[PDB]
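J.: Going down the list, the sequences are from chains BN, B0, BU, BY, BD and BV. Under the deposited numbering, the final residue of the first sequence carries the number 153; numbering is consecutive throughout. Under the deposited numbering, the final residue of the second sequence carries the number 122; numbering is consecutive throughout. Under the deposited numbering, the final residue of the third sequence carries the number 124; numbering is consecutive throughout. Under the deposited numbering, the final residue of the fourth sequence carries the number 53; numbering is consecutive throughout. Under the deposited numbering, the final residue of the fifth sequence carries the number 261; numbering is consecutive throughout. Under the deposited numbering, the final residue of the sixth sequence carries the number 76; numbering is consecutive throughout. All C-beta atoms, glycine included, are put in the ideal place defined by N, C-alpha and C.
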Amino acid sequence: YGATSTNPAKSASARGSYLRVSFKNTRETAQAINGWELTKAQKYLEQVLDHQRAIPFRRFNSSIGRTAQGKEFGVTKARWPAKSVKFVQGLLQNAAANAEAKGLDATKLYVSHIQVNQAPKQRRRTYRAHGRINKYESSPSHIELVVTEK
Amino acid sequence: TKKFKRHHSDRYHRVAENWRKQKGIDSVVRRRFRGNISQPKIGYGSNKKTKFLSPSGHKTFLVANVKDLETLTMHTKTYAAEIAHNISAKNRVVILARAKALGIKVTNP
Amino acid sequence: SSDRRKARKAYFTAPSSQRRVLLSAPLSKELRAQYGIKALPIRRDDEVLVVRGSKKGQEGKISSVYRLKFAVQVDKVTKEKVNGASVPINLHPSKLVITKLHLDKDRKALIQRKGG
Amino acid sequence: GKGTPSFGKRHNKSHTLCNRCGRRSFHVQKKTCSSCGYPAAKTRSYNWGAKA
Amino acid sequence: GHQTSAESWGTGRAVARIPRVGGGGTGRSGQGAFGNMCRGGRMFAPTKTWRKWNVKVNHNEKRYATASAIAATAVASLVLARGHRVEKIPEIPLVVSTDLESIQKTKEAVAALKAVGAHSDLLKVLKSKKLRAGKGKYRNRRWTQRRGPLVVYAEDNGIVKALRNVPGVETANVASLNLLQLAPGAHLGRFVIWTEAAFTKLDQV
Amino acid sequence: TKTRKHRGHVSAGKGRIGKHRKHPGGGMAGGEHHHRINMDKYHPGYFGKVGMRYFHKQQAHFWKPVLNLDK
RNA sequence: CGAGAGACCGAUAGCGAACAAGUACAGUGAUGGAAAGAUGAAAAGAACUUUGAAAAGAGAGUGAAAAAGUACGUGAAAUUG
RNA sequence: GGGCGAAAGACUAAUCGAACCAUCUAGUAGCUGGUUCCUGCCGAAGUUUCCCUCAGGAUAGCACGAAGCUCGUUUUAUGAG
RNA sequence: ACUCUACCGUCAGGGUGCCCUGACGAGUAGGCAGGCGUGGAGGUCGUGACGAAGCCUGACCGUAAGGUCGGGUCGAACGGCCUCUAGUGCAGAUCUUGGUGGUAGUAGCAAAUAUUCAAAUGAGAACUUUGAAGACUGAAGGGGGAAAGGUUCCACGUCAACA
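1) DSSP state of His116 (chain BN), grouped into three classes?
2) Along chain BU, in chain order, which residues have C-beta atoms closer than 7 angstroms to that of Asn196 (chain BD)?
3) Per DSSP, what kind of secondary structure is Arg40 (chain BU) in: helix, strand or coil?
4) Using C-beta distances below 6 angstroms, list every residue in its chain close to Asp54 (chain BU), excluding the 5 sequence neighbours before and after it, in chain order.
5) Using a Cβ-Cβ distance cut-off of 8 angstroms, determine whether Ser61 (chain BD) contacts chain BY.
6) Per DSSP, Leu104 (chain BU) is paired with what?
7) Could you check what DSSP says for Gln50 (chain BN) in three-state terms: helix, strand or coil?
8) Counting only beta-carbon atoms, is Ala53 (chain BY) nearer than 8 angstroms to chain BD?
9) With a 10 Å radius around its C-beta and 16 neighbouring C-beta atoms as the bar for buried, classify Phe67 (chain BV) as buried or exposed.
10) Is there a Cβ of chain BY sitting closer than 8 angstroms to that of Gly96 (chain BD), yes or no?
11) If you draw a straight line from the alpha carbon of residue 164 (chain BN) to that of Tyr139 (chain BN), how long is it in whole angstroms?
12) Considering only the alpha carbon of each residue, which of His145 (chain BN), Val88 (chain BN) and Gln121 (chain BN) lies closest to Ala44 (chain BN)?
13) Less than 6 angstroms between C-beta atoms, sequence neighbours within five positions excluded: which residues of the same chain meet that for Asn49 (chain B0)?
14) State the DSSP-derived secondary structure class of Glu226 (chain BD), mapped to helix, strand or coil.
15) Any chance the stretch 145–152 of chain BN sits against the stretch 102–122 of chain BN, with 3 or more Cβ pairs inside 8 angstroms?
16) Whole alpha helix (DSSP H) runs in the stretch 190–228 of chain BD with 4 or more residues, listed along the chain?
17) What whole-angstrom Cβ distance do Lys103 (chain BU) and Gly61 (chain BU) have, given they're in contact under 8 angstroms?
18) Can you tell me whether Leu30 (chain BU) is buried or exposed, with buried defined as 16 or more other CB within 10 angstroms of its CB?
19) Based on DSSP bridge pairs, tell me the residues matched to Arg128 (chain BN).
20) According to DSSP, is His11 (chain BV) helix, strand or coil?
21) Across the stretch 246–257 of chain BD and the stretch 149–169 of chain BD, are there enough close Cβ pairs to call them in contact, namely three or more that are closer than 8 angstroms?
22) Between which two residues does the beta strand (DSSP E) holding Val166 (chain BD) run?
23) Just the Cα atoms here: how many angstroms apart are residue 10 (chain BD) and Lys64 (chain BU)?
24) Using the C-alpha atoms, what's the distance from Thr162 (chain BD) back to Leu219 (chain BD)?
25) Short check: CB of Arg95 (chain BD) to CB of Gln59 (chain BD), under 8 angstroms?
26) With distances taken Cα to Cα, identify the nearest neighbour of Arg115 (chain BU) among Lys77 (chain BU), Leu48 (chain BU), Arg52 (chain BU) and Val73 (chain BU).
27) What residues are listed by DSSP as bridge partners for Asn114 (chain BD)?
28) For the stretch 75–101 of chain BD, list every residue whose C-beta sits within 8 angstroms of some C-beta in chain BY, in sequence order.
29) From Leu115 (chain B0) to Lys14 (chain BU), what does the alpha carbon distance come to, in whole angstroms?
30) May I have the straight-line CA-CA distance separating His14 (chain BV) from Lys24 (chain BV), to the nearest angstrom?
31) Work out the CA separation of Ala254 (chain BD) and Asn99 (chain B0) for me, nearest whole Å.
32) State yes or no: is the C-beta of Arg18 (chain BN) nearer than 7 angstroms to some heavy atom of the ligand NAD?
33) Taking the beta carbon of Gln55 (chain BN) as the centre, do at least 16 other beta carbons fall within 10 Å, making it buried, or is it exposed?
34) Return the first residue and the last residue of the beta strand (DSSP E) that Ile70 (chain BU) is part of.
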């Protein structure tokens, strides 16, 4: 996970570990909802999952397009993730559901933690030419979503 | 004051930083230099006069188990006057109730 | 010989003749003071008691005796289940002591054969 | 390249399996066997067939 | 080590010139037993049964060494220092009569050593010994009997079994009275209890 | 068996770095000429024959006692 | 086949292999051949209640302790909040 | 060292100018590279007679280590550019 | 350096215990001496479940060598004394046993035979399946036997690993 279950009265979460998923796109999606409260967070993910807005990428580079929708901070670059985002949206859903089970103020709660961990490899192989096998392994993103009492 | 290392420690991690001899041919501290450390000789170090500190220069005596308890003083063993950790907590409390009950300080209560 | 695993070798793949004996537990004090014997082997309808343990000096019987397992189910040391069934529950027989010895046909003549 | 797809022909089937051992150099032509022999005379235990 | 085959190959594939992988070889390296730097190949100095352990010694040092070690018993300070002990400081080594033979049981034996004054060498063991490391934790090296006072017989051959069974004792003869029986663990001065007939058999060298 | 001096120098049994079979000069050496071995302008080698061998000094040759007149 | 011991190991050691290691597999092929140990006294291995769709999240019971919860010793770092 | 030729040692399981597999075998390398505590006492040499001899080594020059003892400044001349 | 005076290193003499004290002390090979060192052991008592090795962390003498005490914690192992013995100190041969890093979430995503629209079922539908309609081939995208393989067809039944 990373962060603590700060107190089970304040907390409400959901895991989503050992996925075959793009590694940078999970924690970059996590940035733009972390710190932000759950009502702002869920809006941002349902916009970028549909056609509306992008997620401006910051922590990671690569060949990605600079465009008008690069604003989140004073940033130019962005990309618009989709199947990565549908996973993270499910964590906001269950964390908000079980926050009402505690009896907090679920949709208006502060998102304390979300990032992703990795350590062991989930080993998969695919072939290439000349009697060859190259690496074709997945990145196990350990995606959580903790909300705290706010 | 200029601290010592083993050389090439600042480059990579495959260096034991405790002092080894500069073995074969050239090294900056072999042919003698006082800048990028020195080579430790018997010219450096503490002298044939002194040895063994505390804030009152007091030497210890380890009184571990209940073998020889009545040997510990209150003169040169006033400050440092320890027990032994490997020897049980049962024995530790028994020795301390005699040792500190001389008229001395001991670190542990 | 003097060996941990290679001493346990004989205990593990012991024949059925030796597994009679190795279902052992001590005898109680008034069984020793009646007869003489150290230990005698442990069987189903014996009244049992726990020696060393938190189940300290309680009354019991044995339910089952098992051959290869060595462990016996002990009656009166009874817990339930998740489904709720009051079962007799396992213990190794070294943790036990028997209070019953029967007389029978010629266990009567076993314990008093030629030596006794 | 002269090799692998040409070896994928194999119309002439050389070796089948042995009864007693499992050495599958039991040729239909030669009737040889590197292991115990099929057919044999004595048991063909050869000394060079081990290092340790 | 020769339980695998691994060959040289070099560049063109991912293995060195060193015999690592060849005709098999997972973590089993070497062509034969080769590669001590390689794990699962050979050793630097592979230990052998052929190389020496058993060495020679003079016989004229044997009868001198037993005489020297028992001469260290005759001075009281060497005895009571090392590990062995005694209440009775003078008249060492101790000589009793041939009534030592008239002891049957260890219950009588401990009582005899109590009276004469060789009992602080006897009782000295309080706790036992568990194990220690290596072949100390494996085989018969667990419980050890103390080399306390030595008992010495006289009439030869059949020694006393009664004074085998005293806690921390040894039994021996006057003739059979070897090196380790007087000086166990290097340093000298072990307490010896002789009989009357044994101490006159000792009037040789 | 000086483990301290030998392993922490690696000069014991070698000398300087590249000394291989040039230094002992192979192992043995012959009678006459050969390249880079321990032969050179040596004084041993020559004659060869060991023992004071003759047909008188062999079997049935009876030994003398150690027996001086004053001893 | 059994017993005993040697200055003789304690899962990178040593028998191929401590364990379903010749058994999911690979080569025509005597053959090569990995991953791989583990609760407690007693399994009592979480009834019952509550939230979510299963996953997941909280109250409650059992038990010597649940600060022993089944993926069951001690635990560090890159990795990772 | 055989099979084979209108020839190109083309050809024989991607190996053919002598197939491949296994063993003796850990063949061997006069050549090169790598090679694990510290301080103190204390510490040179790149020179030679000589070799079917040359990235070497018998011997000699120079200081290792250990025990026991060992100068010259300069005055009279003599020999040689 | 010159120079003052003290201090550190081995050894000599006078007289033990060692002190006075001369001359010198940059350093690679090399030898000797001295000191610290693992596995193991004759020895083994001492310490231990009222808390042992260990894990982890703090204090932490000063000759370069690496070791005693103390705190959180363990649930059974190991040293006074006294000395002998071995597979005995790591940074490296295009090395060796494995995980993890790197380019990188970047490229690739499988030879240019158009696809458009509606439904059935469902938690989810471009893909299963069905309908409307079009591209496309028809000496084969039609048909069909032997070697070789051997139950892969089939119906039933599942969405986890795995495509």
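T.: In brief:
1) Start at 1 with the first residue of the first sequence, and residue 116 (chain BN) comes out as number 113. The DSSP-derived three-state label of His116 (chain BN) is strand.
2) In the fifth sequence, residue 196 (chain BD) corresponds to position 140, counting from 1. Against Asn196 (chain BD), the close residues of chain BU are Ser10, in the order they occur along the chain (beta-carbon pairs closer than 7 angstroms).
3) To locate residue 40 (chain BU), count along the third sequence from 1; it is residue 32. In the structure shown, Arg40 (chain BU) adopts helical secondary structure according to DSSP, grouped into three states.
4) Position 46 of the third sequence, counted from the start, is the residue given in the question as residue 54 (chain BU). Answer for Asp54 (chain BU): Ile70, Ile106 and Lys108, listed in chain order.
5) Counted from its first residue, the fifth sequence places residue 61 (chain BD) at position 5. Output row for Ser61 (chain BD): interface = yes.
6) Looking up residue 104 (chain BU) in the third sequence gives position 96. According to DSSP, which records beta bridges pairwise, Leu104 (chain BU) is partnered with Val58 (chain BU).
7) Against the first sequence, residue 50 (chain BN) aligns to sequence position 47. Under the three-state reduction of DSSP, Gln50 (chain BN) is assigned to helix.
8) The sequence position of residue 53 (chain BY) within the fourth sequence is 52, counting from 1. Yes, contact with chain BD.
9) Looking up residue 67 (chain BV) in the sixth sequence gives position 62. A residue is called buried once 16 or more other Cβ atoms fall within 10 Å of its Cβ, and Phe67 (chain BV), having fewer, is exposed.
10) Position 40 of the fifth sequence, counted from the first residue, corresponds to residue 96 (chain BD). The beta carbon of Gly96 (chain BD) sits no closer than 8 angstroms to any beta carbon of chain BY.
11) Examination of residue 164 (chain BN) is not possible in this model, given that chain BN is present from 4 through 153 alone.
12) If you number the first sequence from 1, residue 44 (chain BN) lands on position 41. Of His145 (chain BN), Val88 (chain BN) and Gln121 (chain BN), the residue nearest in Cα terms is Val88 (chain BN).
13) Along the second sequence, one-based indexing puts residue 49 (chain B0) at 36. Excluding residues within five positions, the ones whose Cβ falls inside 6 angstroms are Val41.
14) Taking the first residue of the fifth sequence as 1, we reach residue 226 (chain BD) at position 170. DSSP places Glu226 (chain BD) in strand when its eight states are reduced to three.
15) In short, these stretches touch, since the Cβ pair count reaches three.
16) For the stretch 190–228 of chain BD, whole alpha helix (DSSP H) runs of length 4 or above, ordered along the chain, are 191–194.
17) The count along the third sequence starts at 1 and reaches residue 103 (chain BU) at position 95. The count along the third sequence starts at 1 and reaches residue 61 (chain BU) at position 53. With a contact defined as Cβ atoms closer than 8 angstroms, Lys103 (chain BU) and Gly61 (chain BU) qualify at about 6 angstroms.
18) As a first step, residue 30 (chain BU) must be located in the third sequence, where it is residue number 22. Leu30 (chain BU) counts as exposed, since fewer than 16 other C-beta atoms from the protein chains shown sit within 10 angstroms of its C-beta.
19) Translated into positions along the first sequence, residue 128 (chain BN) becomes position 125. Within the DSSP secondary-structure output, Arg128 (chain BN) pairs in a beta bridge with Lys138 (chain BN).
20) Position 6 of the sixth sequence, counting from 1, holds the residue named residue 11 (chain BV). DSSP places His11 (chain BV) in helix when its eight states are reduced to three.
21) Segments in contact, yes.
22) Taking the fifth sequence and counting its residues from 1, the one referred to as residue 166 (chain BD) is at position 110. Here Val166 (chain BD) belongs to no beta strand (DSSP E); instead the alpha helix (DSSP H) covers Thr162 to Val172.
23) The requested residue 10 (chain BD) does not occur in the structure, where chain BD is confined to residues 57 to 261.
24) Along the fifth sequence, one-based indexing puts residue 219 (chain BD) at 163. Along the fifth sequence, one-based indexing puts residue 162 (chain BD) at 106. In this structure, the straight-line span from the alpha carbon of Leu219 (chain BD) to that of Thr162 (chain BD) is close to 7 angstroms.
25) Here residue 95 (chain BD) refers to the residue found at position 39 when the fifth sequence is read from its first residue. Here residue 59 (chain BD) refers to the residue found at position 3 when the fifth sequence is read from its first residue. With respect to the 8 angstroms criterion, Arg95 (chain BD) and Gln59 (chain BD) are not classified as neighbours on the basis of their beta carbons.
26) Numbered from 1 along the third sequence, position 107 holds the residue referred to as residue 115 (chain BU). Per the Cα distances, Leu48 (chain BU).
27) On the fifth sequence, residue 114 (chain BD) is found 58 positions in, with the first residue counted as 1. In the DSSP output, where bridge partners are listed per residue, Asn114 (chain BD) has none listed.
28) Taking 8 angstroms as the upper bound on Cβ-Cβ separation, chain BY lies near residues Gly88 of the stretch 75–101 of chain BD.
29) Indexing the second sequence from 1 puts residue 115 (chain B0) at position 102. Indexing the third sequence from 1 puts residue 14 (chain BU) at position 6. Their backbone Cα atoms lie some 55 angstroms apart in a straight line.
30) Translated into the one-based positions of the sixth sequence, residue 14 (chain BV) becomes position 9. Translated into the one-based positions of the sixth sequence, residue 24 (chain BV) becomes position 19. Approximately 15 angstroms between the Cα atoms of the pair.
31) Position 86 of the second sequence holds residue 99 (chain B0). Position 198 of the fifth sequence holds residue 254 (chain BD). Looking at the two C-alpha atoms, the distance is approximately 48 angstroms.
32) For the structure depicted, the ligand NAD is absent and the ligand set is empty, with no information on it obtainable.
33) Taking the first residue of the first sequence as 1, we reach residue 55 (chain BN) at position 52. With fewer than 16 Cβ atoms within 10 Å of its Cβ, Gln55 (chain BN) is classed as exposed.
34) If you number the third sequence from 1, residue 70 (chain BU) lands on position 62. According to the DSSP assignment, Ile70 (chain BU) belongs to the beta strand (DSSP E) that extends over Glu67 to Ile70.
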